[PDB]
Structure formats: C-alpha cells, structure tokens
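As a basis for the values below, the full set of heavy atoms in this structure was taken, side chains included, without hydrogen atoms, waters or symmetry mates. In what follows, chains carry the letters A, B, and so on, assigned in the order in which the sequence lines appear, proteins first and then strands, with residues in each chain numbered from 1.
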Amino acid sequence: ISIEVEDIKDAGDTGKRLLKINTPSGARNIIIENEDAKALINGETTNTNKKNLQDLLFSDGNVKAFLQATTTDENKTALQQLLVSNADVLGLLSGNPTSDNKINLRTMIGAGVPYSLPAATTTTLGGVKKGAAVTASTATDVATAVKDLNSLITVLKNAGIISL
Amino acid sequence: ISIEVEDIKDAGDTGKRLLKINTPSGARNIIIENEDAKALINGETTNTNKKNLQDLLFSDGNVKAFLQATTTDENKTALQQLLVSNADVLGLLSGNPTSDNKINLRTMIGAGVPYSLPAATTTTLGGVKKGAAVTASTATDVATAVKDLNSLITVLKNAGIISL
Amino acid sequence: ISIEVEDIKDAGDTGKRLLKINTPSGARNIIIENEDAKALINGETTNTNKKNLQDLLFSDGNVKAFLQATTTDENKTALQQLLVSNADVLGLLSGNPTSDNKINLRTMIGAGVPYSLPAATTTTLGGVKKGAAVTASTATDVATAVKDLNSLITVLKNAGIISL
C-alpha cells in the first residue's frame with residue numbers, strides 16, 4: 001500500500017522531519033542547532049562564526065587573541081612567555097627590560113656600556129690633554145736654562161700631565 | 001502489516017536513504033557533504049583535510065601560515081607584529097634594524113658603540129704614545145744641561161705628548 | 001492506517017533509531033560517535049575535548065604545544081624558527097647564542113665590546129698615569145738645574161710617560 005510519514009505512529013518529531021527531508025543540506029539544518037557548528041559543517045563560515053568556533057576549540061585567552069590576530073600588550077606578554085624561556089630575553093621583548101635584564105642582555109651578547117675616557121690620575125690609567133708648544137732651548141747661561149726647564153714644567157702641569 | 005521504505009509516499013530522497021542506513025558511519029556519509037568536515041567528525045583527517053579545516057576556521061593568512069608551520073618572511077613580519085609592540089624590538093626581530101632602531105636598541109640595553117681611543121689634543125682628553133727612553137743627566141756645564149733638556153723635549157714631541 | 005517504526009521491514013538499525021528520535025540533540029547522539037566531535041557540534045567542550053579536537057585539526061606538534069599554552073624548551077626552539085628567519089636573532093632568542101651569534105648581534109645593533117683602556121706603548125695610543133708633583137726650579141747653578149731636570153725625568157718615568 002501507500003502510507004505517509006504521519007501514519008507512523010511512534011515516529012519522533014525530529015525523526016519525521018528527517019524522513020521528509022530531500023537533501024543532505026536539509027538534514028544538516030534539522031540536526032545541527034549550533035549555528036557556528038552548522039556553518040563549519042557547511043564549509044561556509046563568517047568571521048563571527050570563526051571566532052565562535054575558536055571559542056569552542058581553545059581554552060587559553062592569550063592563544064585565542066593571537067588566533068584572532070588582535071593582541072593587547074598583556075596578551076603579548078603572555079604569548080612571549082610561551083615562546084621564550086630566558087627571563088632576560090623576555091625583558092628585551094617587553095621593550096622595557098629591568099636594570100638586571102639590561103646587564104644580563106649585555107653579558108649575553110658580549111656588549112659593553114658607553115665608554116667615557118677618564119682623566120689620568122696618580123693611581124689610574126687615563127687620557128691627557130696634549131701640552132702647548134714648547135720651543136727648543138738655546139740657553140747659554142744657567143738663568144735661561146732654568147727658565148726653559150720651567151716652561152716645560154708649566155706646559156706639562158697645564159695639560160694635567162703632571163701634578164701641582 | 002509489513003511495509004518497506006519506498007511505500008512511504010512523502011518521504012524525501014535523503015530521508016529514505018537515512019531510514020535504510022544501518023550504522024552511524026553510514027548516516028554521516030549521507031548527511032555530511034563537505035569531505036573535510038566529514039573527516040573531522042569521523043576523527044580521521046589527512047594533512048590536506050587539516051589544512052582545509054584551518055581555512056574554514058581562521059581568517060588571517062599569517063596565522064594560517066603559522067598553523068601550517070610554514071612561514072614566509074612576510075608572514076614572519078606580520079606574526080612578529082602580533083607578538084611584540086615595541087618598534088625597535090620589531091626592528092631587531094627582522095634581522096635588519098634601521099639606523100634609528102639600532103640607536104634605540106643600544107639605549108634599551110644600555111650598550112655603547114665600538115670605542116676608538118682618540119689621540120690627545122689641546123682641548124680633548126686622549127691617548128698618547130709612550131716616549132722613547134731618556135737618560136738621566138750627568139751634565140757639569142750649561143751646554144750639556146741644555147742638550148739634555150732638549151733631548152727630553154724632543155722625546156715628548158716625538159710621542160705627541162707636547163705640541164710642535 | 002497506523003503502522004509503527006518496526007513495521008518498516010527494510011529500515012536499518014540507525015535508521016529506525018533516527019525515525020523514533022524526537023529532538024536534534026537526540027539525533028546528534030545517534031549519528032556522531034566521536035565524543036570530541038560530538039562535543040564541538042553541541043558547542044560544549046571540556047579542556048580534554050579541546051585538546052583532542054586540536055589533535056584532529058593540526059599536524060605539527062610544536063604548533064599543538066603552543067595552542068595548549070604549554071611549551072617545552074624544544075617546542076620553543078621550533079616555534080622561534082617559525083617566527084624569525086635570522087640565525088643570529090634565533091641565537092639570541094635561545095638565551096644561549098654561539099660566539100658567532102654574539103659577534104653578529106653586536107654588529108646588528110652597532111654595539112661595541114667592553115672597553116679596557118690599555119697603557120701607552122711606543123707604537124700604540126694608550127692611557128698614562130698622572131705624574132707626581134714637581135716643584136718649579138729656582139736653581140742658580142748648573143748642579144741644581146741638573147738636579148731639577150732629573151727630578152722631572154724620574155717623575156715622567158715613574159708614571160710611564162717615558163721609557164726606561
């Protein structure tokens with residue numbers, strides 16, 4: 001004979017809807033209630049569907065922000081920590097390393113600090129200024145020879161080559 | 001009585017296929033047309049299925065390249081920007097920092113530039129060369145004393161300790 | 001007339017279960033056997049479901065560790081390589097750059113090494129120590145003038161300003 005779907009007395013509501021349906025798309029529309037999941041199964045997702053599916057797939061919020069390609073400075077700090085273990089390198093990646101990080105980063109690459117040349121002292125190597133010009137001596141008496149020696153001494157004193 | 005599936009006159013084509021099906025796998029084969037989605041639901045995905053599902057799940061192409069573990073230099077630039085906000089650090093991560101980035105990176109870690117010791121001038125602290133040997137004086141007349149003074153002067157001039 | 005589901009003689013086992021089912025949730029429970037996939041479709045995933053879905057979606061183990069927000073040092077090395085192409089920068093990100101990496105990292109940012117001021121030599125610019133104090137000369141004879149010259153010479157010798 002011929003019966004119809006509604007003649008089947010113990011069929012369920014969804015069961016009768018499925019029996020009447022003609023295509024797979026129609027069946028998916030009955031079976032899948034979550035609109036984001038339905039969109040994935042249909043291979044047709046909006047950016048909103050994608051974000052919502054990412055919420056169903058991943059627990060970590062910093063990972064989720066990365067996957068959305070939109071990260072805050074806090075998300076970036078956490079993501080840096082997933083990528084790099086060295087604390088001083090993490091300081092560098094923040095753009096704001098601590099004093100300790102800075103020292104350790106220089107050590108890490110063998111870099112020095114800005115060097116400033118200190119003046120010579122009696123205990124410590126240093127720079128000097130060059131002494132003023134001094135004429136060779138043509139002295140024929142003691143008085144003049146002493147005058148010329150003293151001119152050299154003052155020049156060396158003036159340039160901080162010898163102490164006062 | 002006994003009826004068969006095709007006796008149900010208002011059943012749909014997919015509906016009759018489902019009513020005849022014996023297992024859940026058979027039902028999934030009817031209902032899910034997208035082969036990548038079907039593969040996910042079956043828990044059996046090839047690398048191609050995985051790439052195609054990633055295309056359905058994520059909009060950002062640089063994120064997608066990261067998830068495929070294959071990034072171009074352009075993808076890497078964009079991913080760096082998702083991970084780090086400091087412009088000078090981004091310059092470092094590129095391997096090709098600008099002049100401004102280089103200055104700022106040194107500031108950031110308190111590093112100096114390569115130092116070259118300049119010669120002393122009359123205005124500016126600097127290095128000198130060490131003067132040649134000079135004998136102590138045993139002069140008993142003015143002529144010799146002057147000779148010995150002049151020997152010291154020339155030595156200091158030769159080493160650039162005093163000006164010509 | 002009235003028939004029941006079990007009167008349909010060529011219905012399949014899953015087909016009869018679906019025909020009896022009343023709701024979409026009930027239909028999903030019949031059709032989807034993989035518990036992680038069912039959880040995604042129901043929009044209700046535990047952390048275990050999420051990890052298991054990530055296993056179905058991504059092939060690369062280092063990417064998977066990143067997505068779980070739990071990376072080993074080995075995972076971090078591999079993820080760094082997906083993010084940065086410059087070998088010397090990768091050395092920095094490891095926290096343990098090689099000697100070659102260190103040289104190249106300094107070059108990259110225009111940094112110098114720690115500078116140590118060398119003593120002056122007869123060939124090479126260097127620092128000096130400042131000479132001890134020397135009194136101006138009040139000599140009225142050759143013997144004293146020579147004494148004063150020699151005092152200057154010794155002071156300059158003592159400070160390594162001139163050679164012995």
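- Residues A:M108 and A:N86 form a side-chain contact, since some pair of their non-hydrogen atoms from C-beta on lies under 4.5 Å apart.
- For the side-chain contact (heavy atoms from CB on, under 4.5 Å) test, residues two or more places apart in sequence or in another chain that qualify with A:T77 are A:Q81.
- Side-chain contact between B:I3 and A:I3: present, with at least one pair of heavy atoms (C-beta onward) separated by less than 4.5 Å.
- With sequence neighbours excluded, no residue satisfies side-chain hydrogen bond (donor to acceptor under 3.5 Å, both in side chains) with B:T70.
- Applying the side-chain contact (heavy atoms from CB on, under 4.5 Å) test to B:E35 and every residue at least two apart in sequence or in another chain returns B:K38.
- Remark: the B:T121 side chain and the B:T123 side chain contain an N/O donor-acceptor pair separated by less than 3.5 Å.
- Sorted pairs that involve residues 22-52 of chain A and meet ring pair (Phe, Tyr, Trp, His ring centres under 6.0 Å), not counting sequence neighbours, are lacking altogether.
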For C:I41 and A:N34, what are the C-alpha separation, side-chain angles and deciding distance, and is it a side-chain contact (heavy atoms from CB on, under 4.5 Å)?
CA-CA 7 Å; C:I41 292 170; A:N34 181 297; over 6 Å; no
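- Here the closest heavy-atom approach between residue B:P97 and residue B:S94 is recorded as N-OG, 3.9 Å.
- With sequence neighbours excluded, the residues forming a side-chain contact (heavy atoms from CB on, under 4.5 Å) with A:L117 are A:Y115, B:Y115, B:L117, B:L125, C:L117, listed by chain and number.
- For the 3.5 Å distance criterion, the side chains of C:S85 and B:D73 qualify, holding a donor opposite an acceptor.
- B:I1 has its side chain out of reach of C:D7: every pair of non-hydrogen atoms, C-beta onward, lies at least 4.5 Å apart.
- Pairs passing the ring pair (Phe, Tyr, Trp, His ring centres under 6.0 Å) check and including a residue from residues 39-58 of chain B, sequence neighbours excluded, do not occur.
- With hydrogens and angles disregarded, no donor-acceptor distance shorter than 3.5 Å links the side chain of B:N42 to the backbone of B:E44.
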A:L82 and A:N62: CA distance, side-chain angles, deciding distance, side-chain contact (heavy atoms from CB on, under 4.5 Å) verdict:
CA-CA 10 Å; A:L82 298 179; A:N62 303 119; 5.8 Å; no
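- Here the side chain of A:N75 pairs no donor or acceptor atom with the backbone of A:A65 at under 3.5 angstrom.
- Within the structure, salt bridge (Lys or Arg N to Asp or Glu O under 4.0 Å) pairs that include any residue of residues 85-96 of chain B do not occur (at least two apart or interchain).
- Of all heavy-atom pairs spanning C:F66 and C:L79, the tightest one is CB-CD1, 3.8 Å.
- Residue pairs that meet the ring pair (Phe, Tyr, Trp, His ring centres under 6.0 Å) test with at least one member in residues 5-34 of chain A, sequence neighbours left out, do not exist here.
- Of the N and O atoms on the side chains of C:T71 and C:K76, at least one donor lies less than 3.5 Å from an acceptor on the other residue.
- Counting heavy atoms of neighbouring residues, nucleotides and ligands inside a 6.0 Å radius, atom CD of A:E4 exceeds 12 of them.
- Counting heavy atoms from C-beta on, the side chains of A:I161 and B:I161 come closer than 4.5 Å.
- Of the possible donor and acceptor atoms, one in the side chain of A:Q54 sits under 3.5 Å from a partner among the backbone N and O of B:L57.
- With rounding to the nearest 0.5 angstrom, the CD1 atom of A:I21 is 10.5 Å from the CG atom of B:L18.
- A salt bridge (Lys or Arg N to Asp or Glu O under 4.0 Å) check over residues 12-32 of chain A, counting only residues at least two apart or in different chains, returns the pairs A:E6-A:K20, A:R28-B:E33.
- Here B:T46 contributes atom OG1 and B:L53 contributes atom CG; the two are 9.0 Å apart, rounded to the nearest 0.5 Å.
- Residues passing the side-chain contact (heavy atoms from CB on, under 4.5 Å) test with B:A39 are B:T45, B:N49, sequence neighbours excluded.
- Applying the salt bridge (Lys or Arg N to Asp or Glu O under 4.0 Å) test to every pair with at least one member in residues 96-105 of chain B, sequence neighbours left out, gives no pairs at all.
- Closest approach of A:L93 and B:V84 over heavy atoms only: O-CG1, 3.9 Å.
- The two residues A:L105 and B:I109 come nearest to each other via the heavy atoms CD1-CG2, 3.8 Å.
- No hydrogens or angles considered: a donor-acceptor pair under 3.5 Å links the side chains of C:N101 and C:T98.
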Verdict with reasoning, C:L19 to A:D10, per side-chain contact (heavy atoms from CB on, under 4.5 Å)
CA-CA 8 Å; C:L19 184 52; A:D10 62 340; over 6 Å; no
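- Once rounded to the nearest 0.5 Å, the distance linking OG of B:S25 with CD1 of B:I30 reads 10.0 Å.
- Across every non-hydrogen atom of C:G110 and B:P114, the tightest pair is O-CD, 3.4 Å.
- By the 4.5 Å heavy-atom criterion applied to side chains, A:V5 and B:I8 are counted as neighbours.
- C:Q80 places a side-chain N or O within donor-acceptor distance of the main-chain N or O of A:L83, the cut-off being under 3.5 Å.
- The distance from atom CG of A:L67 to atom CG of B:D60, rounded to the nearest 0.5 Å, is 9.5 Å.
- Screening residues 46-55 of chain C for salt bridge (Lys or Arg N to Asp or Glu O under 4.0 Å) gives C:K51-C:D55, C:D55-C:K64 as the qualifying pairs, with residues at least two apart or on separate chains.
- Listed here is the closest heavy atom pair of C:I31 and B:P24: O-CB, 3.6 Å.
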